[PDB]
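Computed from the coordinates by the stated procedures, all read-outs in this text should not be read as laboratory data. All Cβ positions, even for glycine, are placed from backbone atoms using ideal geometry, and neighbour counts span all protein chains on display.
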Amino acid sequence: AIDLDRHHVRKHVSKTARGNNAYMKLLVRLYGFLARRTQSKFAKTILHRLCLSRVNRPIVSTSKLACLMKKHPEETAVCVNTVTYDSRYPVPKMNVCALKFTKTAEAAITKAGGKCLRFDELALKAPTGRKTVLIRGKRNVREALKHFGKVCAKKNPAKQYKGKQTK
Amino acid sequence: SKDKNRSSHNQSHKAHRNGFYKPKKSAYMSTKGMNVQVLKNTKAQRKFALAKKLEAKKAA
Amino acid sequence: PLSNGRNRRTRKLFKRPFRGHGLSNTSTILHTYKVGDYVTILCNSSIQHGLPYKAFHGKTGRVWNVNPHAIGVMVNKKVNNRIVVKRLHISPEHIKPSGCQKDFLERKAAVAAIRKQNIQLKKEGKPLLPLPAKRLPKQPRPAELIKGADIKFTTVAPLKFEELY
Amino acid sequence: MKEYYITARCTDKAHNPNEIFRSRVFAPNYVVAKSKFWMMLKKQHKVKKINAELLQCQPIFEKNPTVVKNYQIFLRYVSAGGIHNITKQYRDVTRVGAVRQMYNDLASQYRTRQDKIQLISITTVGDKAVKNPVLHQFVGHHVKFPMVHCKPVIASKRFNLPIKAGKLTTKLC
Amino acid sequence: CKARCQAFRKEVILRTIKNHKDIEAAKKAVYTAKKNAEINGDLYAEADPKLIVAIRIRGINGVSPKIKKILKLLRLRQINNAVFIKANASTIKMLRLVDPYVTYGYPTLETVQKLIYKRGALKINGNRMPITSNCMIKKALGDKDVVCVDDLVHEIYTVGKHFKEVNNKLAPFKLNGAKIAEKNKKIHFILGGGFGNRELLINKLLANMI
RNA sequence: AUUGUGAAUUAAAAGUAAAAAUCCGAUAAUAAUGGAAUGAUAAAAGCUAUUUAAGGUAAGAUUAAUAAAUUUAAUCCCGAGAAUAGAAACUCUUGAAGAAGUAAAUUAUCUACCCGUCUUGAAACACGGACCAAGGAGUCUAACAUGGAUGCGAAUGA
RNA sequence: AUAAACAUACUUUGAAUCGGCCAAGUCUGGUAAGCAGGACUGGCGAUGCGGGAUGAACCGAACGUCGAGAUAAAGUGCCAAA
RNA sequence: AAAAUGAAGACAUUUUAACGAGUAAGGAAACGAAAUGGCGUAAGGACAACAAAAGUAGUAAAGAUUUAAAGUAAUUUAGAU
């Protein structure tokens, strides 16, 4: 035979839309077409982020969008994830393109004079991406990450899943 | 029922399947336990430089 | 089956060099170590206090912190299937400056001498010098001609066996 | 078996680079011949391949491969006991031919494989200097013997029939 | 439009003529040096070869980890696989270490020509594409000033400036079977075996192997 | 005490030092003539013919000067690119009186130790198994965690 | 210098497993053992194929279903292809 | 694995390249370029002659015995009694 370091195994990268969502299937069909034809790194990025699992597409709040759009007045924030609403802080005027908008987030963005776009309108208006800012939410804020590891560790102890008689 | 005590057979073959995990770069850059006076000087300048950086931000 | 003492199997490792007993040179305590330097850990049995563990003997490490009496050294240690970072604090008596970068610092200096000439030469507009050639493994030597005027021949043949008794 | 003429020089501190080593090496090819040459240098002059340059390696062809000569070979071989020096004589028309006989003859009479024999020298001796008990009889002028019990010869493999017809016979030949 | 095909064909001829000039001119210079040295009675020392072709002789079973790594560094991962290797202190020591598993020597130009023309291939986009045109060679090695198959042959034989990049693109050759040795492949070629350094005699083996 | 052979060496003649045959070295390649396995059928970056001419690096040829030359000059020859024109559609045998293939039985050459399990190792002189049918063994409730799909999101559930 | 993008760095969750055995240009106890125990590596276990008549470990070589060739260990009086 | 094409064709697309041994063990379902592909048993909700009589059945169901066909295989299909 042949002395290979390792045998061929499936590459651990998603290439389609997870689940049976008919609309999310068409979005991947649209951006898989755009990235192949336009050969734009922006469409390759949006296509890749559309294929992540739900846990890997964390939310972005209106407060975080406002901070990132401060020095970008006429721009379009583009986050492939649900956009929630931070009720603690005001929402300025800005245009956001996202997969889904919370009822309160959509009201707040619209009431400020902004716009809530979907990814087909963004591809229709800015296919290769010209006045957009790519944004993704934080991943390590998940509480599940606290318990990972060994809680007896000297350096970075875990968080000891609560249970029988935990003090 | 005497049994074999210990053997290092096949141990190196195991340790190299997933080879020796080198530490990342951040391991070598830790500063815990440095010289006391050196940390004081570094903290003093980082506080001075940050305040100067911040007042310009407040100015504009 | 050895024991688990801190200084086991050190009859030969911790022995002082032949005719090298007593005090050490004063260069050991006078040499100045700076953070980022390369040092070699060399346990000195004559100074029992602060003796580094025998597994670090002869290991080349980097200085990461300099204290009033001790020099912090950062070396690599091998564990089950990984490599960990060990940070120590040894007195200067148990370490020694390392020459691991001795020849590298000559090549760094030679290229700097050429670069300093190149900037000047470009100021006068004259052509600039080329950088020194990189080291190569011993290359196949080229063809050559040998003048036979000063050439002598000695025949080579198997030798008749002679008894050593 | 072929004979080669090999020369080389040593370029280092120990040996001055104005002294050239020569040898005449018998080997099946030039690659084997060079290996014998390098071991002679290494075991007799502390010369190694990594610090020496080969110059020439040319075959030596027999000048008149039609004249019968009595060859004498001085060799040393290693047995179970120790190391001994032997002097065997062969009658052939080529130097490489005589060495081929010597290797075959030593492997049979003494059961010594080739990698125990070092050919010190091979020369040519006179007609009356042959001392081999059997070979001494064929060096005279009036050698004459009837080869009896000849098996009949076959022109080629074409006529090598398995079963023949009629009776069989040898030849007083 | 497609007028570049004629210009490309002309350009290839110009390169081919130039390459054969360099090979023949260096061949002549050596020949006269030997001739003149004999006239003067002097001694002429030939230059050591700069190119080596190595063939993997044994299987993939029963190899020490040190030997296993070296054969992977030389891309000899299969029995009856030949690659071209530069000659220096590093590689010669590496080939000595794996001597029982390889046989190697110094190829001739005709050996390089036949191997590249018949068994040649290139790694394009991770695909071992066999050589069928100069356009595929121009695409892969255009940045290295190798635009036809004769630049590929000339560069390998003379070991030019871009030998590493050209050689690393050439996929390891897959060869046939042949009579490996006289006794067996368990002894060195010096003893009449199969492995080891065969010097120029590796061309006879490669003749029955290509 | 006249003569014979003779390795080796030498003179003169012949010889520009490429015939053929054999041996010793070096090689194994281009080609041709017959086949085999898997295919294809189409016209060309086929092949051929006519024009000019990049080239022929020991060696396409003849010459001359000279020569242990892959040393120089001349004029003959051929000729790559390119432009212009040319050409490939076939025979025979067998088959609903059974072709090709496939299946069953028998024969012949090669080939084949008892399944399951414990075990480093069983075809084992280790254990269960006389044969057949039907039944026959990771399920349900409850708590937690990870993970993939789902709704909503400072709320979610009610 | 050489190799490396289906490279590299991983993160999470989890299965089985920790009765082993053999070889040797190796070692210790023993008179010695197809004995007991170890260092390094390759194997058998988990592994069929070609050869050694037969064989867990030896030699070549590791396996999708096939056709044609050149081979390896090793062989060429008949069984048995040469 | 990478390129190309992609509302429906179809054989789970087209091309190129590398690869395919294996005990214990793992790879749940769904995921158009599909994050392994499938066969079988029984029951529940649907669909099954698109023009107002809409799957098969006394012009012979299920079952049983065999003969052939499809599938690498689990199995399926059809004829005869």
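Going through region A:76-101 one residue at a time, which ones are touching a strand residue (DSSP E or B) at 6+ places or on another chain (Cβ under 8 Å) and surrounded by fewer than 17 Cβ atoms within 10 Å (Cβ to Cβ)?
Scanning region A:76-101 gives a single hit, A:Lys100.
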Notebook entry, point to check: For C:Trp64, which of the numbered conditions (1) out of contact with any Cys (no Cβ under 8 Å at 6 or more places or on another chain); (2) of a type in the set (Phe, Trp, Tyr); (3) within 23 Å of C:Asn25 (Cβ to Cβ) fails to hold?
Noted result: (3)
Check: E:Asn197 passes all but one of (1) crowded, with 16+ Cβ neighbours inside 10 Å; (2) within 14 Å of another protein chain (Cβ to nearest Cβ); (3) part of a loop (DSSP other than H, G, I, E, B); which number fails?
Finding: (3)
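With the structure loaded, tell me whether E:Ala171 is of a type in the set (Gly, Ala, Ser), within 16 Å of RNA strand H (Cβ to nearest atom), in contact (Cβ under 8 Å) with a residue 12 or more places away in the chain and more than 14 Å from every other protein chain (Cβ to nearest Cβ) or whether it fails that test. Reasoning before the result, please.
Numbers: of a type in the set (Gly, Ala, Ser): yes; within 16 Å of RNA strand H (Cβ to nearest atom): yes; in contact (Cβ under 8 Å) with a residue 12 or more places away in the chain: yes; more than 14 Å from every other protein chain (Cβ to nearest Cβ): no.
No.
From the list C:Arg62, C:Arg11, exactly one residue is at negative phi, among the basic types (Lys, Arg), free of Cβ contacts under 8 Å to residues at least 60 places away in the same chain and part of a loop (DSSP other than H, G, I, E, B). Which is it? Can you show your working first?
Values: C:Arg62 fails: part of a loop (DSSP other than H, G, I, E, B).
Unique residue meeting the criteria: C:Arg11.
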Margin query: Regarding region C:113-128, can at least one residue be identified that is without any contact (Cβ under 8 Å) to a residue 60 or more places away in the chain, touching a helix residue (DSSP H, G or I) at 6+ places or on another chain (Cβ under 8 Å) and exposed (fewer than 11 other Cβ atoms within 10 Å of the Cβ)?
Written below: yes
Checklist line | Residue selected from region D:22-43 under the condition more than 10 Å from chain C (Cβ to nearest Cβ) and among the charged types (D, E, K, R), by the criterion nearest to the chain's Cα centre (by Cα) | finding: D:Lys34
Notebook entry, point to check: Name the pairs: first residue in region B:1-14 and more than 10 Å from every other protein chain (Cβ to nearest Cβ) and among the small types (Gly, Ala, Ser), second residue within 6 Å of RNA strand G (Cβ to nearest atom) and assigned to a helix (DSSP H, G or I), Cβ to Cβ under 7 Å, at least 6 apart or on different chains?
Noted result: none
Notebook entry, point to check: Is region C:99-116 home to any residue that is in contact with a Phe, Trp or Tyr (Cβ under 7 Å, 6 or more places away or on another chain) and either at negative phi or away from every other protein chain (no Cβ under 11 Å) (or both)?
Noted result: yes
Check: Would region E:57-66 turn up any residue that is part of a helix (DSSP H, G or I) and touching a residue at least 12 places away in the same chain (Cβ under 8 Å)?
Finding: yes
Note to self: For region A:55-78, check the following and say yes or no: at least one residue is over 30 Å from E:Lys69 (Cα atoms), within 16 Å of RNA strand G (Cβ to nearest atom), more than 14 Å from every other protein chain (Cβ to nearest Cβ) and of a type in the set (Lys, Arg).
What the structure shows: no
Notebook entry, point to check: Can you spot a residue in region A:45-53 that is closer than 25 Å to A:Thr128 by Cβ, within 16 Å of RNA strand F (Cβ to nearest atom) and in a loop (DSSP other than H, G, I, E, B)?
Noted result: yes
Notebook entry, point to check: Going through region D:69-78 one residue at a time, which ones are away from chain C (no Cβ under 14 Å) and either in contact with a helix residue (DSSP H, G or I) (Cβ under 7 Å, 6 or more places away or on another chain) or within 21 Å of E:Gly192 (Cα to Cα) (or both)?
Noted result: D:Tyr71
Next item on the list: Six or more apart or on different chains, Cβ under 6 Å: which pairs go from a residue in region E:93-112 that's within 14 Å of chain D (Cβ to nearest Cβ) and in a helix (DSSP H, G or I) to one that's away from RNA strand F (no atom under 16 Å from the Cβ) and of a type in the set (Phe, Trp, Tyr)? Could you list them?
Entry: E:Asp99/E:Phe195
Item checked: Hits in region A:1-44 (condition: within 15 Å of RNA strand F (Cβ to nearest atom) and at positive phi) -> A:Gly19
Note to self: Can you tell me which of (1) surrounded by fewer than 17 Cβ atoms within 10 Å (Cβ to Cβ); (2) of a type in the set (D, E, K, R); (3) more than 10 Å from every other protein chain (Cβ to nearest Cβ) is the one D:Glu19 doesn't meet?
What the structure shows: (3)
Notebook entry, point to check: A:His48: out of contact with any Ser or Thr (no Cβ under 6 Å at 6 or more places or on another chain), within 30 Å of E:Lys69 (Cα to Cα) and not β-branched (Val, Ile, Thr), yes or no?
Noted result: no
Note to self: Condition first: more than 23 Å from the chain's Cα centre (by Cα), of a type in the set (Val, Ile, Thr) and farther than 23 Å from D:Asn18 by Cα. Can you find one or more residues in region E:15-28 that meet it?
What the structure shows: no
Checklist line | Among (1) more than 17 Å from E:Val98 (Cβ to Cβ); (2) within 15 Å of RNA strand F (Cβ to nearest atom); (3) facing another protein chain (nearest Cβ under 10 Å), the one test that E:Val159 misses | finding: (2)
Check: Looking at region D:79-121, which of its residues are touching a helix residue (DSSP H, G or I) at 6+ places or on another chain (Cβ under 8 Å) and either within 16 Å of RNA strand F (Cβ to nearest atom) or more than 12 Å from chain C (Cβ to nearest Cβ) (or both)?
Finding: D:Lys88, D:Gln89, D:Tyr90, D:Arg91, D:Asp92, D:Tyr103, D:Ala107, D:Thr112, D:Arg113, D:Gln114, D:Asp115
Next item on the list: Would you confirm whether any residue within region E:121-141 is within 14 Å of chain D (Cβ to nearest Cβ) and within 15 Å of RNA strand G (Cβ to nearest atom)?
Entry: no
Notebook entry, point to check: Taking region E:72-89 as the region of interest, how many residues are farther than 21 Å from E:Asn176 by Cα and either small (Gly, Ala, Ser) or within 16 Å of RNA strand F (Cβ to nearest atom) (or both)?
Noted result: 2
Checklist line | Of all residues in region D:23-70 being closer than 24 Å to D:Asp115 by Cβ and among the charged types (D, E, K, R), the one that is farthest from RNA strand F (Cβ to nearest atom) | finding: D:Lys46
